[PDB]
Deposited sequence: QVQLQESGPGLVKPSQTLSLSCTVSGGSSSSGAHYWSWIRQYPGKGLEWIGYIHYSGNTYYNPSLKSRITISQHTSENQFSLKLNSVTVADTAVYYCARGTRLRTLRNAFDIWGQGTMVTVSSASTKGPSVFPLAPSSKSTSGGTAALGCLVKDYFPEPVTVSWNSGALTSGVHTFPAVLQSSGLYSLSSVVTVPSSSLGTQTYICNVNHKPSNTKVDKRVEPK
């Protein structure tokens, strides 16, 4: 039965101080209670853990930026990371480490992960640029907005096949950016007109960009 749930606030400003709670749910030994983050790809970094006894053990590369603590009360535990920068944007997993023989220094139970994002940025709307070209491929670059999500669609919903919109990407600034692209019979490029319909609710913005050759 023993599951772990992470809970926490999804955005934080740089220089602030992130803090997450993991709620155990089974479930009660001599295990260790750990925080591990995923830089997607990259990418897997052990933050630290705290022992049932109250012993903490952190990753030396965090020169004092870090504490871990327990609430035997609500069968949960938590992490505090300080002075964050955009760098600290990641998925944060909580986990149970064991020192049972046959499983020593391993992580038997894991959390489902939860995303955490570091950004100054208050709401911004996108700047929409075109990407110009039998098969040709063309697109809209949707740049520097915040927060997510963004909606793209081609020719007011009509053009659907051969379309593909990418995952967004967090730039070092703090702002998002993504691309949408469709392939087409270049048979029809000075004939068939093509438009991407960007849509950003957060800023109550809607851009319809013309995309055309040369």
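Missing from the model, relative to the deposited sequence, are the stretches 29-31, 137-143.
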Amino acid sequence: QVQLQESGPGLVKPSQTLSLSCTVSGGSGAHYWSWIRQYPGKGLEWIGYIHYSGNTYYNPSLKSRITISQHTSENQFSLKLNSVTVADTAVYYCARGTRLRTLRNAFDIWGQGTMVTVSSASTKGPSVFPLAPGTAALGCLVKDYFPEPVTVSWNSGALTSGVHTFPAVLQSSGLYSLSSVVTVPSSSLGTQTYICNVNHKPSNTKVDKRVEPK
From here on, numbers count along this sequence of modelled residues.
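Taking the mean C-alpha B-factor of each stretch as recorded, 63-71 and 171-179 are not equal, and the higher mean is that of 63-71.
Of the candidates 89, 102, 114, 127, it is 102 whose Cα B-factor is highest according to the PDB record. Residue-level temperature factors show residue 187 in the highest third of its chain, judged at the C-alpha atom. Sort the modelled residues of the chain by CA B factor and residue 9 lands in the highest third. Sort the modelled residues of the chain by CA B factor and residue 48 lands in the lowest third. In the PDB entry, residue 25 places in the highest third of its chain by CA B-factor. Among the modelled residues of its chain, residue 39 has a C-alpha B-factor that falls in the highest third, as given in the PDB entry.
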